[PDB]
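Report on one structure; see the data block that follows.
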Amino acid sequence: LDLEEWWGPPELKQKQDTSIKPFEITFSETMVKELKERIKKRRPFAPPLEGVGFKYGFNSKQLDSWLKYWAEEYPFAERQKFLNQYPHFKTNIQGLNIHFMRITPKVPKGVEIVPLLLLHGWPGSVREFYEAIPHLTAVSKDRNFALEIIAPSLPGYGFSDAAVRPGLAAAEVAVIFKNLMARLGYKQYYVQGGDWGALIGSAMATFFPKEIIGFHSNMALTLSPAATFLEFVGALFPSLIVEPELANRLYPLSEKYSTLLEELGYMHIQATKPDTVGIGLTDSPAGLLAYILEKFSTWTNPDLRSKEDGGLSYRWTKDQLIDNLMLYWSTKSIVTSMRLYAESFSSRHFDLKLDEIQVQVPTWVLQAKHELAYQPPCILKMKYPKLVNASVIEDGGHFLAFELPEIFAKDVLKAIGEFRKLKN
Amino acid sequence: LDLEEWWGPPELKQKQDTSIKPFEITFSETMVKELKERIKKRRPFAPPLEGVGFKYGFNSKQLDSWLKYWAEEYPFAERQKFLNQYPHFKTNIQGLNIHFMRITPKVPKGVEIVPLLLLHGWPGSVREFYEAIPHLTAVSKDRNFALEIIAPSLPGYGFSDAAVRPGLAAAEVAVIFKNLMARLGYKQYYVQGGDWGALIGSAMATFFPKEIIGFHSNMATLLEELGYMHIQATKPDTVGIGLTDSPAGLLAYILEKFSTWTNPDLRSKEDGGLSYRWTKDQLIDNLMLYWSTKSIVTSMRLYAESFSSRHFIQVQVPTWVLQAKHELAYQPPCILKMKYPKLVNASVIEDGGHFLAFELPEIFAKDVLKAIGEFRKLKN
């Protein structure tokens, strides 16, 4: 466990600027101009197969309306203002300039301010959290406390620097973020994560139980031999590990793995050849858009694969979705963002056996209807012996905070309430 | 086993044109100019990780030189002429205008002209075969036969039309090429293929044993090399869009394969090493039959169709197998007799990788001629 490992250019080790610098997101006019003309001068795309929807991936017929909107209608100036409504900063951790949002509520006497580290995954970003933030940071009067939020871009994502050498997997990111909270002055704090953030947050709780006082997860999953074996034992007689009302989230197993085979293509290629697949996505707005938006389709509700349009209007406006795309396009981070897959699937990282070391920190789990996978509390208790509760929603998918901001924030606050309650 | 199954736009079924028309490959000046501008207006790509070579996929330091060569040094008009040095044709088979090359030797009396169907895979094309052709079609005083070659573009590849509806997997392409050979007037022929060519030929010999009189196949760290297959088999339309729009993307995606499948150890090299076997012109030629035809998506769809529930037996035809040492799935000679009961020989070349005919044209042609020679001696 190396806490001082250097990920930036090696010559800057003795020239580390350790200050917390204020930062403005900007959509520069040359960038915007170049983007517009790259969309305008696009190529004709192979027509899709008729009546297939999204079952072969992004429907090319839908590209005209999205690209036209992006070039002509998307309000670049207004959106820059939208993104800057919160405070941004940068500070160098281990050679990397890490970006984070920080939202601090104003509080009446008798209300405690409590730090929460909020972690995004792929292909999301800090944009994911904007609509959830007013709820997360609100003062209530049913509550003793209010949340101060720190929300960093993962290294190689959004506005954070990427590693210059191999080795930066999820476990190493756990370290960078622990160092970040130390930089900012925090000794104890809560962590919330989904997708990668669930993985990285889980590792932080594993490594630093003294610092993490509670972990909330909306992507709770164990892929260990013991977990999978227990998964198969429950196929024999289900009422042993899972409730029948929840049984259809897991069973039959043949459904789970068939849909998993169909959907893990991106993950397979990103874990092996991220620099290859990422090159076209770096250069083409149409490519980036198709690749990322397909996820916002399927991972929200699998049944949307049937529809001709996505349906990418099911939950979000065009602007909300292009906001997130803009954090990939304007920073050129698609390749660096994909490398986390390659690093995390390493032999080295898997030999760390994260799925077999228990988290001894109080834990809360949120389980939306249409998450890509599900595990009952019985198997979860193996990785999280101090599991306080598993909150089950009958709605929502993978991008929970982005999709159901109110429901998300309500549940996170409820968790922290219960965490503070038990500490007594 | 539907022999009439229609794959193109159904309105053509009644008005079906069955003629064989000469076809010329062209790089239109507007396509060339758009490609040049698209290359010159280039985005700065994320730098590669320190000292890793091609281990994370295509190394982005190499992008400048490739793309600059393509834009400034690759002689488009001259390469178009090279590509038209052999006769090309188009004919409608089952609703699809299928492209093929046809090379006929000039033969004296006493020499039989024997037809060979030569099938390329992905991400190759009929370009793979070009320098093997002079040796394959050579008229020998020592031989009682000379080969005539038919080399088609797989449907949705190169200059052959894509299917307009789900279902066109390899087995269906076996049907189309059976009908192609009949349209050309051949009642019996030999088949050669690697990659998709091997699976299609295999299927051909399995379904129509009476017309395939000989089958030469050249496709008889692993998990690290399967990501392309997984995504193309499931979401070909997603991954394909970037590649249709971006010359850098297409070049990166295709050339990575010419690197690894030629020799897996070249993944360590900073450059590929994409200089190991071919000139830049040779590889860009193959790229052009993807770029200029906008066929990357349609070519990937073949994967999605073959890995379906509906798609997923022995060859009773004389069989020959040629094995490269640098191929991905090396398999012992004993398990080959399981798949091919009528296996005549299995040649093993210590040198060479996946793209055999393209990598080693002479050694390729020689092995094919020998196989066909032995085939003709069995019957008696």
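Ordered as shown in the structure tokens, chains take letters A, B, and onward, while each chain numbers its residues from 1 and ligands are numbered from 1 in the order shown.
By chain and then residue number, the residues within 10 Å of residue 191 in chain B are residues 115, 116, 117, 118, 119, 149, 150, 189, 193, 197, 198, 200, 201, 202, 204, 205, 212, 213, 214, 215, 216, 217 and 319 of chain B, counting only C-alpha atoms and disregarding those fewer than 2 positions away in sequence.
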Create the file for the chosen residues now, containing N, CA, C and O atoms and written as an mmCIF file, in the first residue's frame.
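Below is the file result09.cif, written as the result:
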data_model
loop_
_atom_site.group_PDB
_atom_site.id
_atom_site.type_symbol
_atom_site.label_atom_id
_atom_site.label_comp_id
_atom_site.auth_asym_id
_atom_site.auth_seq_id
_atom_site.Cartn_x
_atom_site.Cartn_y
_atom_site.Cartn_z
ATOM 1 N N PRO B 115 -11.316 -23.913 -62.143
ATOM 2 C CA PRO B 115 -11.807 -22.791 -61.326
ATOM 3 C C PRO B 115 -11.551 -22.913 -59.816
ATOM 4 O O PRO B 115 -11.891 -23.927 -59.197
ATOM 5 N N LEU B 116 -10.954 -21.869 -59.238
ATOM 6 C CA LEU B 116 -10.749 -21.799 -57.788
ATOM 7 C C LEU B 116 -11.413 -20.570 -57.173
ATOM 8 O O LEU B 116 -11.145 -19.427 -57.570
ATOM 9 N N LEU B 117 -12.272 -20.823 -56.194
ATOM 10 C CA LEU B 117 -12.943 -19.768 -55.455
ATOM 11 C C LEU B 117 -12.124 -19.385 -54.220
ATOM 12 O O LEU B 117 -11.898 -20.192 -53.316
ATOM 13 N N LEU B 118 -11.746 -18.140 -54.134
ATOM 14 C CA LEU B 118 -10.814 -17.660 -53.176
ATOM 15 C C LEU B 118 -11.493 -16.634 -52.320
ATOM 16 O O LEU B 118 -11.989 -15.688 -52.798
ATOM 17 N N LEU B 119 -11.533 -16.869 -51.034
ATOM 18 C CA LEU B 119 -12.365 -16.124 -50.117
ATOM 19 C C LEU B 119 -11.622 -15.420 -49.002
ATOM 20 O O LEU B 119 -11.010 -16.064 -48.199
ATOM 21 N N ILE B 149 -9.100 -18.025 -61.263
ATOM 22 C CA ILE B 149 -9.485 -17.521 -59.940
ATOM 23 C C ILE B 149 -10.754 -16.713 -59.939
ATOM 24 O O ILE B 149 -10.903 -15.828 -60.731
ATOM 25 N N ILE B 150 -11.630 -17.014 -58.998
ATOM 26 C CA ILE B 150 -12.753 -16.141 -58.687
ATOM 27 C C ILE B 150 -12.568 -15.667 -57.251
ATOM 28 O O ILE B 150 -12.489 -16.483 -56.314
ATOM 29 N N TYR B 189 -15.934 -26.963 -58.661
ATOM 30 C CA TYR B 189 -14.829 -26.037 -58.374
ATOM 31 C C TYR B 189 -14.125 -26.331 -57.054
ATOM 32 O O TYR B 189 -14.625 -27.096 -56.219
ATOM 33 N N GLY B 193 -10.084 -20.612 -48.421
ATOM 34 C CA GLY B 193 -10.301 -19.479 -47.522
ATOM 35 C C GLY B 193 -9.579 -19.525 -46.192
ATOM 36 O O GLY B 193 -9.277 -20.600 -45.672
ATOM 37 N N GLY B 197 -13.448 -16.734 -44.695
ATOM 38 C CA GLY B 197 -13.303 -17.578 -45.879
ATOM 39 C C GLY B 197 -13.268 -19.067 -45.575
ATOM 40 O O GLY B 197 -13.864 -19.869 -46.303
ATOM 41 N N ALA B 198 -12.562 -19.437 -44.510
ATOM 42 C CA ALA B 198 -12.485 -20.835 -44.071
ATOM 43 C C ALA B 198 -13.833 -21.369 -43.577
ATOM 44 O O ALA B 198 -14.202 -22.502 -43.887
ATOM 45 N N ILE B 200 -16.898 -20.089 -44.334
ATOM 46 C CA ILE B 200 -17.802 -20.085 -45.489
ATOM 47 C C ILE B 200 -17.511 -21.260 -46.431
ATOM 48 O O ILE B 200 -18.430 -21.975 -46.848
ATOM 49 N N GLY B 201 -16.236 -21.472 -46.742
ATOM 50 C CA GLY B 201 -15.829 -22.598 -47.589
ATOM 51 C C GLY B 201 -16.186 -23.933 -46.958
ATOM 52 O O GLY B 201 -16.692 -24.845 -47.627
ATOM 53 N N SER B 202 -15.933 -24.034 -45.658
ATOM 54 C CA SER B 202 -16.268 -25.218 -44.887
ATOM 55 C C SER B 202 -17.745 -25.532 -45.064
ATOM 56 O O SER B 202 -18.116 -26.664 -45.372
ATOM 57 N N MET B 204 -19.705 -24.472 -47.446
ATOM 58 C CA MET B 204 -19.967 -24.780 -48.849
ATOM 59 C C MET B 204 -19.730 -26.253 -49.132
ATOM 60 O O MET B 204 -20.581 -26.923 -49.715
ATOM 61 N N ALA B 205 -18.581 -26.752 -48.695
ATOM 62 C CA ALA B 205 -18.214 -28.150 -48.885
ATOM 63 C C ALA B 205 -19.161 -29.094 -48.136
ATOM 64 O O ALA B 205 -19.376 -30.236 -48.554
ATOM 65 N N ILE B 212 -18.170 -29.051 -54.780
ATOM 66 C CA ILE B 212 -16.871 -28.716 -54.212
ATOM 67 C C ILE B 212 -15.992 -29.955 -54.292
ATOM 68 O O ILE B 212 -16.196 -30.934 -53.561
ATOM 69 N N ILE B 213 -15.024 -29.915 -55.195
ATOM 70 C CA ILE B 213 -14.192 -31.083 -55.453
ATOM 71 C C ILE B 213 -12.880 -31.027 -54.688
ATOM 72 O O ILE B 213 -12.065 -31.944 -54.772
ATOM 73 N N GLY B 214 -12.695 -29.951 -53.925
ATOM 74 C CA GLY B 214 -11.507 -29.781 -53.096
ATOM 75 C C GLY B 214 -11.581 -28.513 -52.277
ATOM 76 O O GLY B 214 -12.022 -27.469 -52.766
ATOM 77 N N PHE B 215 -11.144 -28.609 -51.027
ATOM 78 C CA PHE B 215 -11.203 -27.493 -50.088
ATOM 79 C C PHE B 215 -9.852 -27.315 -49.395
ATOM 80 O O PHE B 215 -9.394 -28.202 -48.668
ATOM 81 N N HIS B 216 -9.228 -26.167 -49.653
ATOM 82 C CA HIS B 216 -7.980 -25.744 -49.012
ATOM 83 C C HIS B 216 -8.291 -24.692 -47.998
ATOM 84 O O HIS B 216 -8.752 -23.602 -48.342
ATOM 85 N N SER B 217 -8.033 -25.000 -46.736
ATOM 86 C CA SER B 217 -8.260 -24.054 -45.654
ATOM 87 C C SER B 217 -6.931 -23.626 -45.033
ATOM 88 O O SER B 217 -6.009 -24.434 -44.917
ATOM 89 N N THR B 319 -9.710 -32.556 -48.356
ATOM 90 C CA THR B 319 -9.348 -31.349 -47.621
ATOM 91 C C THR B 319 -7.833 -31.201 -47.469
ATOM 92 O O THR B 319 -7.112 -32.184 -47.299
#
Near chain B, which residues of chain A fall within 8 Å when you count only C-alpha atoms, and what do they look like as a VMD selection string? chain A and resid 42 to 43 45 to 46 48 to 50 55 to 60 163 to 166 262 to 266 268 to 270 272 to 284 286 to 288 290 to 291 294 332 to 333 335 to 336 342
For the structure I just gave you, how does DSSP split range 61-297 of chain A - specifically, which residues are helix (DSSP H, G or I)? Reply as number ranges by chain. A: 61-73, 76-83, 126-136, 170-184, 196-207, 225-236, 238-240, 247-249, 253-263, 265-272, 274-283, 285-297
What is the distance, in Å and to one decimal place, between CA of residue 174 in chain B and CA of residue 284 in chain B? 28.7 Å
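Atom to atom, CA of residue 123 in chain A and CA of residue 376 in chain A stand 26.3 Å apart.
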Picked from range 3-234 of chain B by DSSP as strand (DSSP E or B), as a ChimeraX atom specification: /B:21-23,55,57,88-93,96-103,112-119,145-152,189-193,212-217
Taking 2 positions as the minimum chain separation for residues in the same chain, which residues sit within 12 Å of residue 68 in chain A when counting only C-alpha atoms? Answer as a PyMOL selection string. chain A and resi 35-42+62-66+70-74+285-286+318
Of the listed residues A:260, A:240, A:380, A:365, that which approaches residue 228 in chain A most closely, counting only C-alpha atoms: A:380
